Every structure is written in structure tokens, then in C-alpha cells.
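Okay, upload32.txt now, which holds compact mmCIF, C-alpha atoms and all ligand atoms:
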```txt
# COMPACT_ATOMS: atom_id res chain seq x y z
CA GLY A 1 30.35 46.57 16.88
CA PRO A 2 30.09 43.96 14.12
CA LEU A 3 32.89 41.83 15.58
CA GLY A 4 31.39 41.80 19.08
CA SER A 5 27.80 41.35 17.94
CA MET A 6 29.23 38.12 16.53
CA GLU A 7 31.41 36.73 19.30
CA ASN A 8 29.85 33.91 21.35
CA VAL A 9 31.93 31.76 23.73
CA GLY A 10 35.13 32.74 21.94
CA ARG A 11 33.97 32.15 18.35
CA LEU A 12 32.72 34.59 15.69
CA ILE A 13 29.40 32.96 14.80
CA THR A 14 26.36 35.19 14.20
CA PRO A 15 23.72 33.07 15.99
CA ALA A 16 21.27 34.23 13.28
CA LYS A 17 23.66 32.85 10.68
CA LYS A 18 24.22 29.58 12.54
CA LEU A 19 20.44 29.30 12.21
CA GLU A 20 19.86 30.69 8.71
CA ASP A 21 22.61 28.28 7.67
CA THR A 22 21.12 25.28 9.48
CA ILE A 23 17.84 26.13 7.70
CA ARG A 24 19.24 26.10 4.15
CA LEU A 25 20.99 22.81 4.94
CA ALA A 26 17.75 21.27 6.22
CA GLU A 27 16.13 22.49 3.02
CA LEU A 28 18.74 20.54 1.04
CA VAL A 29 18.63 17.36 3.13
CA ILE A 30 14.84 17.29 2.76
CA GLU A 31 15.03 17.79 -1.00
CA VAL A 32 17.58 15.01 -1.49
CA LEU A 33 15.64 12.70 0.83
CA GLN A 34 12.41 13.30 -1.11
CA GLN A 35 14.06 12.96 -4.52
CA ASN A 36 15.21 9.56 -3.24
CA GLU A 37 11.66 8.52 -2.39
CA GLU A 38 10.50 9.74 -5.80
CA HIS A 39 13.17 7.62 -7.50
CA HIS A 40 12.14 4.51 -5.57
CA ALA A 41 8.45 5.05 -6.24
CA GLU A 42 9.04 5.66 -9.94
CA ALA A 43 11.20 2.59 -10.43
CA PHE A 44 8.65 0.44 -8.57
CA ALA A 45 6.08 1.61 -11.10
CA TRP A 46 8.21 0.99 -14.19
CA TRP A 47 9.09 -2.54 -13.09
CA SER A 48 5.48 -3.12 -12.00
CA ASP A 49 3.82 -1.83 -15.17
CA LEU A 50 6.15 -4.02 -17.21
CA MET A 51 5.68 -7.20 -15.17
CA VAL A 52 1.91 -6.90 -15.26
CA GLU A 53 2.00 -6.32 -19.01
CA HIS A 54 4.27 -9.37 -19.28
CA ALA A 55 1.87 -11.41 -17.14
CA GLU A 56 -1.28 -10.40 -19.02
CA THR A 57 0.49 -11.20 -22.29
CA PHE A 58 1.72 -14.65 -21.34
CA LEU A 59 -1.76 -15.38 -20.06
CA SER A 60 -3.16 -14.58 -23.52
CA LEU A 61 -0.75 -17.03 -25.18
CA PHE A 62 -1.91 -19.55 -22.59
CA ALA A 63 -5.60 -18.76 -23.16
CA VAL A 64 -5.44 -20.24 -26.66
CA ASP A 65 -4.31 -23.53 -25.11
CA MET A 66 -7.24 -23.24 -22.69
CA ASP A 67 -9.87 -22.13 -25.18
CA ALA A 68 -8.70 -25.09 -27.27
CA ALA A 69 -8.96 -27.61 -24.44
CA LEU A 70 -12.55 -26.45 -23.81
CA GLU A 71 -13.85 -27.46 -27.23
CA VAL A 72 -12.28 -30.95 -27.04
CA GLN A 73 -14.69 -31.22 -24.09
CA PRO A 74 -17.77 -33.45 -24.40
CA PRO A 75 -20.72 -31.13 -23.76
CA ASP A 76 -21.88 -31.10 -20.13
CA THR A 77 -18.73 -32.72 -18.71
CA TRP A 78 -16.93 -30.84 -15.97
CA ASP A 79 -13.55 -32.25 -15.14
CA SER A 80 -12.42 -28.85 -16.47
CA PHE A 81 -13.58 -27.15 -13.27
CA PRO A 82 -10.30 -27.86 -11.42
CA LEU A 83 -8.66 -25.66 -14.06
CA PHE A 84 -11.00 -22.78 -13.31
CA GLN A 85 -10.39 -23.36 -9.60
CA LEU A 86 -6.60 -23.19 -9.91
CA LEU A 87 -6.62 -20.19 -12.23
CA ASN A 88 -9.33 -18.17 -10.50
CA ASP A 89 -8.02 -18.87 -6.99
CA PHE A 90 -4.71 -17.30 -8.08
CA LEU A 91 -6.11 -14.33 -10.00
CA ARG A 92 -8.66 -13.24 -7.40
CA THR A 93 -6.13 -12.88 -4.56
CA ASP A 94 -3.70 -11.10 -6.88
CA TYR A 95 -3.68 -7.32 -6.62
CA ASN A 96 -2.25 -6.89 -10.11
CA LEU A 97 -4.23 -9.39 -12.17
CA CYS A 98 -7.70 -9.53 -10.56
CA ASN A 99 -10.47 -8.54 -13.00
CA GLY A 100 -7.78 -8.15 -15.65
CA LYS A 101 -8.23 -9.02 -19.30
CA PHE A 102 -7.46 -12.70 -18.75
CA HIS A 103 -9.47 -12.95 -15.55
CA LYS A 104 -12.59 -11.68 -17.31
CA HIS A 105 -11.95 -14.10 -20.19
CA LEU A 106 -11.69 -16.99 -17.73
CA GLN A 107 -14.97 -15.84 -16.20
CA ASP A 108 -16.70 -15.64 -19.60
CA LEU A 109 -15.30 -18.96 -20.81
CA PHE A 110 -16.63 -20.67 -17.67
CA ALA A 111 -19.73 -18.57 -16.90
CA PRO A 112 -22.04 -20.61 -19.18
CA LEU A 113 -20.24 -23.83 -18.24
CA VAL A 114 -21.03 -23.21 -14.56
CA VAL A 115 -24.71 -22.32 -14.97
CA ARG A 116 -25.20 -25.22 -17.39
CA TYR A 117 -24.09 -27.53 -14.54
CA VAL A 118 -26.14 -26.10 -11.67
CA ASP A 119 -29.25 -25.97 -13.87
CA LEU A 120 -28.51 -29.61 -14.73
CA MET A 121 -28.19 -30.75 -11.11
CA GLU A 122 -30.99 -28.54 -9.86
CA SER A 123 -33.17 -30.26 -12.47
CA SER A 124 -32.03 -33.68 -11.23
CA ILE A 125 -32.90 -32.89 -7.61
CA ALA A 126 -36.20 -31.23 -8.54
CA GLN A 127 -37.24 -34.32 -10.50
CA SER A 128 -36.27 -36.58 -7.60
CA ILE A 129 -38.27 -34.59 -5.06
CA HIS A 130 -41.13 -34.54 -7.60
CA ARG A 131 -40.91 -38.35 -7.79
CA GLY A 132 -43.28 -38.41 -4.80
CA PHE A 133 -46.30 -37.67 -6.99
CA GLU A 134 -46.71 -40.98 -8.79
CA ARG A 135 -47.73 -43.98 -6.71
CA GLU A 136 -44.88 -46.23 -5.54
CA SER A 148 -33.92 -39.28 0.46
CA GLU A 149 -30.50 -40.26 1.78
CA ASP A 150 -28.88 -40.36 -1.66
CA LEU A 151 -30.80 -37.22 -2.65
CA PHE A 152 -29.31 -35.16 0.22
CA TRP A 153 -25.79 -35.91 -1.03
CA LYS A 154 -26.55 -34.06 -4.25
CA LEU A 155 -27.61 -30.95 -2.30
CA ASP A 156 -24.38 -31.10 -0.31
CA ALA A 157 -22.52 -31.70 -3.58
CA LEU A 158 -24.03 -28.62 -5.21
CA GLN A 159 -23.40 -26.46 -2.14
CA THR A 160 -19.82 -27.68 -1.73
CA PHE A 161 -19.28 -26.98 -5.43
CA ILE A 162 -20.82 -23.51 -5.38
CA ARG A 163 -18.85 -22.34 -2.33
CA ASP A 164 -15.50 -23.57 -3.76
CA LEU A 165 -16.18 -21.48 -6.88
CA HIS A 166 -15.26 -18.13 -5.28
CA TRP A 167 -16.83 -16.34 -8.22
CA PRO A 168 -15.52 -12.78 -8.77
CA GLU A 169 -18.91 -11.18 -9.59
CA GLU A 170 -22.32 -11.35 -7.86
CA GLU A 171 -24.27 -13.97 -9.82
CA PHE A 172 -28.00 -13.68 -9.08
CA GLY A 173 -29.38 -16.52 -11.20
CA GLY B 1 -9.62 -49.23 -29.31
CA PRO B 2 -6.85 -46.94 -28.05
CA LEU B 3 -6.46 -45.22 -31.44
CA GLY B 4 -10.18 -44.52 -31.80
CA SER B 5 -10.73 -43.54 -28.17
CA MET B 6 -8.25 -40.81 -29.11
CA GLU B 7 -9.42 -39.54 -32.49
CA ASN B 8 -11.39 -36.28 -32.42
CA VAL B 9 -12.13 -34.29 -35.61
CA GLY B 10 -9.30 -36.05 -37.44
CA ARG B 11 -6.58 -35.66 -34.78
CA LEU B 12 -5.28 -38.10 -32.15
CA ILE B 13 -5.71 -36.00 -29.01
CA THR B 14 -6.98 -37.68 -25.83
CA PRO B 15 -9.34 -34.91 -24.61
CA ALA B 16 -8.31 -35.89 -21.05
CA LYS B 17 -4.70 -35.28 -22.06
CA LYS B 18 -5.46 -31.98 -23.80
CA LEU B 19 -6.83 -31.04 -20.38
CA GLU B 20 -4.31 -32.69 -18.05
CA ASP B 21 -1.70 -30.95 -20.21
CA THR B 22 -3.40 -27.55 -20.11
CA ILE B 23 -3.49 -27.97 -16.31
CA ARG B 24 0.24 -28.60 -15.84
CA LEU B 25 0.96 -25.62 -18.10
CA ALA B 26 -1.34 -23.37 -16.07
CA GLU B 27 0.49 -24.62 -12.99
CA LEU B 28 3.77 -23.42 -14.54
CA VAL B 29 2.48 -20.07 -15.79
CA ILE B 30 1.10 -19.34 -12.32
CA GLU B 31 4.38 -20.28 -10.64
CA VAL B 32 6.48 -18.09 -12.94
CA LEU B 33 4.00 -15.21 -12.61
CA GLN B 34 4.12 -15.42 -8.81
CA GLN B 35 7.91 -15.77 -8.65
CA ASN B 36 7.94 -12.52 -10.65
CA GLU B 37 5.78 -10.76 -8.07
CA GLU B 38 8.00 -12.11 -5.30
CA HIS B 39 11.09 -10.73 -7.05
CA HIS B 40 9.52 -7.28 -7.42
CA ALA B 41 8.33 -7.20 -3.82
CA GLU B 42 11.70 -8.32 -2.50
CA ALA B 43 13.69 -5.78 -4.50
CA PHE B 44 11.31 -3.00 -3.40
CA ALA B 45 12.13 -3.95 0.18
CA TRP B 46 15.91 -4.08 -0.27
CA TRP B 47 16.00 -0.68 -1.96
CA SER B 48 13.53 0.69 0.60
CA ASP B 49 15.30 -0.62 3.70
CA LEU B 50 18.54 0.86 2.40
CA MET B 51 17.14 4.28 1.48
CA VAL B 52 15.45 4.68 4.85
CA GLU B 53 18.66 3.68 6.62
CA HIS B 54 20.49 6.20 4.43
CA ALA B 55 17.91 8.88 5.28
CA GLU B 56 17.93 8.26 9.03
CA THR B 57 21.74 8.36 8.96
CA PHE B 58 22.11 11.60 7.04
CA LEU B 59 19.55 13.10 9.39
CA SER B 60 21.79 12.20 12.35
CA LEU B 61 24.78 13.95 10.76
CA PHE B 62 22.47 16.91 10.26
CA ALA B 63 21.14 16.77 13.83
CA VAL B 64 24.55 17.80 15.20
CA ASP B 65 24.32 20.97 13.11
CA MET B 66 20.83 21.50 14.54
CA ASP B 67 21.59 20.63 18.15
CA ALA B 68 24.49 23.06 17.79
CA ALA B 69 22.38 25.89 16.39
CA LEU B 70 19.99 25.50 19.34
CA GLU B 71 22.57 26.35 22.00
CA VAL B 72 23.77 29.48 20.15
CA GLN B 73 20.15 30.52 20.81
CA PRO B 74 19.44 33.24 23.40
CA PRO B 75 17.11 31.59 25.92
CA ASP B 76 13.42 32.18 25.20
CA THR B 77 13.91 33.34 21.60
CA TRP B 78 11.98 31.47 18.94
CA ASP B 79 13.06 32.32 15.43
CA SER B 80 14.10 28.64 15.47
CA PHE B 81 10.47 27.55 15.14
CA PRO B 82 10.47 27.84 11.31
CA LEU B 83 13.11 25.09 11.39
CA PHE B 84 10.86 22.80 13.39
CA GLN B 85 8.01 23.67 11.03
CA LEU B 86 9.97 22.76 7.89
CA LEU B 87 11.42 19.58 9.35
CA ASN B 88 8.30 18.30 11.11
CA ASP B 89 5.97 19.13 8.22
CA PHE B 90 8.13 16.86 6.03
CA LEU B 91 8.62 14.00 8.49
CA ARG B 92 4.99 13.71 9.60
CA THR B 93 3.59 13.20 6.08
CA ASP B 94 6.39 10.76 5.27
CA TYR B 95 5.46 7.09 5.55
CA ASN B 96 9.08 6.02 6.02
CA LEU B 97 10.44 8.60 8.44
CA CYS B 98 7.49 9.55 10.68
CA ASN B 99 8.18 8.83 14.37
CA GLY B 100 11.63 7.65 13.35
CA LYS B 101 14.77 8.19 15.38
CA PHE B 102 15.33 11.69 14.03
CA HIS B 103 11.67 12.66 14.23
CA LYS B 104 11.56 11.82 17.93
CA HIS B 105 14.80 13.73 18.47
CA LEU B 106 13.32 16.78 16.75
CA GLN B 107 10.29 16.44 19.01
CA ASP B 108 12.43 16.19 22.16
CA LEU B 109 14.73 19.03 21.15
CA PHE B 110 11.71 21.30 20.62
CA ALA B 111 9.24 19.91 23.19
CA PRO B 112 10.56 22.08 26.06
CA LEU B 113 11.16 25.00 23.69
CA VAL B 114 7.48 24.95 22.68
CA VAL B 115 6.01 24.71 26.19
CA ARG B 116 8.43 27.37 27.45
CA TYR B 117 6.88 29.73 24.87
CA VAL B 118 3.19 29.04 25.44
CA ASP B 119 3.66 29.25 29.22
CA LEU B 120 5.43 32.57 28.58
CA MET B 121 2.63 34.03 26.44
CA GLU B 122 -0.14 32.52 28.53
CA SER B 123 1.47 34.32 31.49
CA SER B 124 1.54 37.59 29.52
CA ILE B 125 -2.16 37.37 28.64
CA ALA B 126 -3.15 36.27 32.15
CA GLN B 127 -1.34 39.27 33.64
CA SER B 128 -3.01 41.61 31.16
CA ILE B 129 -6.50 40.32 31.91
CA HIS B 130 -5.59 40.52 35.62
CA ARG B 131 -4.62 44.18 35.09
CA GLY B 132 -8.29 45.02 35.73
CA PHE B 133 -7.88 44.61 39.49
CA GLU B 134 -5.88 47.72 40.34
CA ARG B 135 -7.60 51.06 39.90
CA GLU B 136 -6.91 52.86 36.61
CA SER B 148 -8.47 44.71 24.97
CA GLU B 149 -7.88 45.18 21.24
CA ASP B 150 -4.13 44.58 21.46
CA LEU B 151 -4.73 41.77 23.96
CA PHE B 152 -6.93 39.80 21.52
CA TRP B 153 -4.11 39.74 18.97
CA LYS B 154 -1.99 37.72 21.37
CA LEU B 155 -4.75 35.10 21.71
CA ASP B 156 -5.00 34.86 17.93
CA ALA B 157 -1.19 34.73 17.80
CA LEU B 158 -1.03 31.83 20.24
CA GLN B 159 -3.82 29.94 18.47
CA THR B 160 -2.33 30.52 15.01
CA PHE B 161 1.01 29.32 16.39
CA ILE B 162 -0.37 26.22 18.09
CA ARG B 163 -2.35 25.05 15.05
CA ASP B 164 0.64 25.47 12.67
CA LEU B 165 2.66 23.21 14.99
CA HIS B 166 1.06 19.95 13.80
CA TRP B 167 2.58 18.17 16.77
CA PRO B 168 2.99 14.39 16.29
CA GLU B 169 1.87 13.36 19.82
CA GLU B 170 -1.15 14.35 21.94
CA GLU B 171 0.16 17.06 24.28
CA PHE B 172 -2.23 17.55 27.21
CA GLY B 173 -0.48 20.34 29.11
K K C 201 11.22 -1.44 -6.73
```

Just give me the structure of the file as C-alpha cells.
Ligand SMILES: [K+]
Amino acid sequence: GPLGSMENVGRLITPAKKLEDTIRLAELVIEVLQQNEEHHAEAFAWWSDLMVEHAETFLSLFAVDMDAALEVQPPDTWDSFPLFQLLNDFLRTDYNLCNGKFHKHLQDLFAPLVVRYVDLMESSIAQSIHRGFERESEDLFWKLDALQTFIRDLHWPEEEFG
Amino acid sequence: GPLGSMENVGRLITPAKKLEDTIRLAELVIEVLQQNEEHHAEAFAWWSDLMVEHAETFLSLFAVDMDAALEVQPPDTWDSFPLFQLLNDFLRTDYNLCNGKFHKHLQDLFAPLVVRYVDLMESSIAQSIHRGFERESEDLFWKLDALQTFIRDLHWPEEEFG
């Protein structure tokens, strides 16, 4: 009868209830455990979205100090390249800020200033190799090495063909 | 003199100070911005490490209810497979808990129970195809489809050859 179709090893436990019950409990453990992962993911995002917004904003307020220091610059003078190096070397290996609003502004603000320096040193090596056309190399090689060393240390974030 | 080697557009700003200053400021913005990323990463970890520990622990306390429901089981009866399906389908697509302590226990607790069912249905199809040896197929095909449907829905986390 019902009581005997229920008795196992001296205890009244329908083995299809001790399973149907274990199921519903597993259902609840899973749901709590997932809800916990959702909470963690969602808080990560909130704090992230806000800290990136904060970073992009404080970089704007800094930009004005940078844009301003790059007009006090005598034209075709490039002791401002260490600034681009420091700033771009941080932003490019930064998941959050790479190609962000400030990064693109730092590229634009320096994109003419970089080409106006390579065109100026490529014209001073081209003239010096063309100096063998009028009648009457060690120092010249250094300027090739200088331009190559410079270009490699630029780690430019685009693909600049020309 | 010093005052004139300083005057630009009516303001006494050494253009190599308005750069050296912009540099040190960029140094500080970068450091704060990175410190902020470090904080976020580190808190993510703390909360993560603790929520995984919490999950693995509450799965232990559940295991005893599961280990217990799998001895109240009449040998070679498999309405306990929907439990493995629910639990394993969650754990396997869960970055944190996959192949964790509980996941491996759920594999072990069901690894004999799965092979003891395929060997039992592979022996009941092999006998029925071997029934064409004594003198004197539609229903038999269903059991192949049943075993294939079962095996695919198992999504076992190892590579079980045999
Ligand atoms: K977090």
C-alpha cells in the first residue's frame, strides 16, 4: 500500500520524492548562484563605465593644458615628442582608453607634427646624398638610424602610409 | 636677458617650462588613471574569489542531498539523469565553476551510472540484432535513436572513449 510503497531501509521516503525534491533544490541553488554572477557582472560594469567616463573627462581638462603647450612651441621643434611618447604608450596598451576621444585627439594634435619632422629629415638626407652631383657618409648614416629609431619608438595607433 | 627669453605674446612663460610642466602633469594624470584601473581590477577579484568560494561551498552542502538521493535509487533506473542534465548544463557554460570541485564530483557520481546504462542498452540492441540466428527492425531502430539522442544531450565535460 501507500505506506509500504514508501518504506526504504526503515524510513518513509518516496524515492521519487527524494529525487523530485533534490531537483527543485538544485533548481534554486542554480538560480541563486547565477543571480550572484549577474550581480557581480553588473556592478563591474557600473564601476567601469563610470571610471572610464571619469578618465576621459579628466583627460579633456588636461588636453587644454596640452593644446596650449603646443602653440608656445617654436615651429618645427620637437622636444614635445616625449609627451606624445608617454601619453600614447599608456593609452595604446589600455583596454579602456585606446582609440578613445582623447587618444584620437592626441593623434590629431601630433599627426601633422610627426610628418612635418620626417619630411624635414628625409629632405636633409636626400640633399646630402644628392650632394654628390656637384664637383668636390659616416655622419649621414647616423641620421638614417636616427629617423628609424624615432619612427619605431612612435608606436603609432593607425597605419600611416605616407 | 632672462625676462625677454621668457616673454611670448605678452606673457612671461618659458615655453620649455610650459612643456616641462605639462609633462609632469601628464605623469600625474596617468598615475591616477592607472591606480583607478588597479582598484577596479582588485575589487573585481576580491568579490569574485569570494562568490566562487561561496558557490563551491553551497554546492557541497547540496551534494549531500544529491549523493543521498542517488542511493535511494533502484539500481539501473535513470530518472536521475534530468538532474545531471540540469546541473551539468549550468556548470559547463560557467566560467567560474566548470571543472570545479563540485563539477568533478557530479561527473564521478554519474560516470558509472551513465556507462551502466549505455552498456545495458547496447546489450539489448546487440541481442535483438543477434536474434536473426535462430530459426523463426522498426522498433529496434527507435532504441538506436534513443541511445544517440541520449548521448548527445549528455554534453559530457571529458572525452570518454569507452
Ligand atoms: K567589480

>> At a cut-off of 7 Å and counting only C-alpha atoms and all ligand atoms, what residues surround ligand K 201 (chain C)? Please answer as a PyMOL selection string.
In response: (chain A and resi 40+43-44+47) or (chain B and resi 40+43-44+47)

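Counting only C-alpha atoms and comparing A:120, A:3, A:50, A:87, the residue that lies closest to chain B is A:87.
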
> Which one is closest to chain A: B:35, B:80, B:159, B:5? Count all atoms listed in the file.
Replying inline: B:80

>> Give me, as a list in words, the residues of chain B touching chain A, with the criterion being at most 6 Å (counting all atoms listed in the file).
In response: residues 15, 18, 19, 69 and 72 of chain B

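For the pair atom CA of residue 125 of chain A and atom CA of residue 169 of chain A, the separation is 25.9 Å.
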
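The two atoms in question, atom CA of residue 158 of chain B and atom CA of residue 122 of chain B, are spaced 8.4 Å apart.
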
Hey, could you patch up segment 57-71 of chain A with N, CA, C and O atoms and hand it over as a PDB file, in the coordinates of the input?
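Output (out_13.pdb):
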```pdb
ATOM      1  N   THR A  57       0.168 -10.709 -20.959  1.00  0.00           N
ATOM      2  CA  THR A  57       0.490 -11.200 -22.290  1.00  0.00           C
ATOM      3  C   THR A  57       0.704 -12.711 -22.284  1.00  0.00           C
ATOM      4  O   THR A  57       0.129 -13.431 -23.102  1.00  0.00           O
ATOM      5  N   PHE A  58       1.531 -13.214 -21.375  1.00  0.00           N
ATOM      6  CA  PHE A  58       1.720 -14.650 -21.340  1.00  0.00           C
ATOM      7  C   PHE A  58       0.460 -15.382 -20.927  1.00  0.00           C
ATOM      8  O   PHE A  58       0.353 -16.586 -21.159  1.00  0.00           O
ATOM      9  N   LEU A  59      -0.510 -14.692 -20.341  1.00  0.00           N
ATOM     10  CA  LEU A  59      -1.760 -15.380 -20.060  1.00  0.00           C
ATOM     11  C   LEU A  59      -2.618 -15.480 -21.309  1.00  0.00           C
ATOM     12  O   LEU A  59      -3.306 -16.489 -21.488  1.00  0.00           O
ATOM     13  N   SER A  60      -2.554 -14.475 -22.192  1.00  0.00           N
ATOM     14  CA  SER A  60      -3.160 -14.580 -23.520  1.00  0.00           C
ATOM     15  C   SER A  60      -2.649 -15.810 -24.270  1.00  0.00           C
ATOM     16  O   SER A  60      -3.430 -16.679 -24.669  1.00  0.00           O
ATOM     17  N   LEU A  61      -1.335 -15.886 -24.486  1.00  0.00           N
ATOM     18  CA  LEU A  61      -0.750 -17.030 -25.180  1.00  0.00           C
ATOM     19  C   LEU A  61      -1.125 -18.348 -24.519  1.00  0.00           C
ATOM     20  O   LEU A  61      -1.121 -19.396 -25.175  1.00  0.00           O
ATOM     21  N   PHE A  62      -1.419 -18.330 -23.224  1.00  0.00           N
ATOM     22  CA  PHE A  62      -1.910 -19.550 -22.590  1.00  0.00           C
ATOM     23  C   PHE A  62      -3.391 -19.750 -22.880  1.00  0.00           C
ATOM     24  O   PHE A  62      -3.841 -20.889 -23.037  1.00  0.00           O
ATOM     25  N   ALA A  63      -4.161 -18.658 -22.928  1.00  0.00           N
ATOM     26  CA  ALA A  63      -5.600 -18.760 -23.160  1.00  0.00           C
ATOM     27  C   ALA A  63      -5.907 -19.635 -24.370  1.00  0.00           C
ATOM     28  O   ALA A  63      -6.812 -20.475 -24.320  1.00  0.00           O
ATOM     29  N   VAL A  64      -5.158 -19.464 -25.463  1.00  0.00           N
ATOM     30  CA  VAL A  64      -5.440 -20.240 -26.660  1.00  0.00           C
ATOM     31  C   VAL A  64      -5.333 -21.737 -26.364  1.00  0.00           C
ATOM     32  O   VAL A  64      -6.156 -22.530 -26.829  1.00  0.00           O
ATOM     33  N   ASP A  65      -4.365 -22.138 -25.536  1.00  0.00           N
ATOM     34  CA  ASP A  65      -4.310 -23.530 -25.110  1.00  0.00           C
ATOM     35  C   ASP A  65      -5.490 -23.918 -24.230  1.00  0.00           C
ATOM     36  O   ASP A  65      -5.804 -25.107 -24.118  1.00  0.00           O
ATOM     37  N   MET A  66      -6.135 -22.953 -23.592  1.00  0.00           N
ATOM     38  CA  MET A  66      -7.240 -23.240 -22.690  1.00  0.00           C
ATOM     39  C   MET A  66      -8.537 -23.238 -23.475  1.00  0.00           C
ATOM     40  O   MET A  66      -9.319 -24.181 -23.392  1.00  0.00           O
ATOM     41  N   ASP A  67      -8.752 -22.169 -24.247  1.00  0.00           N
ATOM     42  CA  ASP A  67      -9.870 -22.130 -25.180  1.00  0.00           C
ATOM     43  C   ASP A  67      -9.911 -23.371 -26.058  1.00  0.00           C
ATOM     44  O   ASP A  67     -10.991 -23.856 -26.406  1.00  0.00           O
ATOM     45  N   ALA A  68      -8.745 -23.903 -26.418  1.00  0.00           N
ATOM     46  CA  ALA A  68      -8.700 -25.090 -27.270  1.00  0.00           C
ATOM     47  C   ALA A  68      -9.054 -26.339 -26.488  1.00  0.00           C
ATOM     48  O   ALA A  68      -9.735 -27.225 -27.015  1.00  0.00           O
ATOM     49  N   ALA A  69      -8.598 -26.445 -25.240  1.00  0.00           N
ATOM     50  CA  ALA A  69      -8.960 -27.610 -24.440  1.00  0.00           C
ATOM     51  C   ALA A  69     -10.431 -27.614 -24.042  1.00  0.00           C
ATOM     52  O   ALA A  69     -10.920 -28.650 -23.578  1.00  0.00           O
ATOM     53  N   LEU A  70     -11.150 -26.505 -24.208  1.00  0.00           N
ATOM     54  CA  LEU A  70     -12.550 -26.450 -23.810  1.00  0.00           C
ATOM     55  C   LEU A  70     -13.507 -26.593 -24.977  1.00  0.00           C
ATOM     56  O   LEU A  70     -14.715 -26.395 -24.804  1.00  0.00           O
ATOM     57  N   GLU A  71     -13.004 -26.944 -26.161  1.00  0.00           N
ATOM     58  CA  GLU A  71     -13.850 -27.460 -27.230  1.00  0.00           C
ATOM     59  C   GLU A  71     -13.660 -28.956 -27.442  1.00  0.00           C
ATOM     60  O   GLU A  71     -14.594 -29.617 -27.901  1.00  0.00           O
TER      61      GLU A  71
END
```
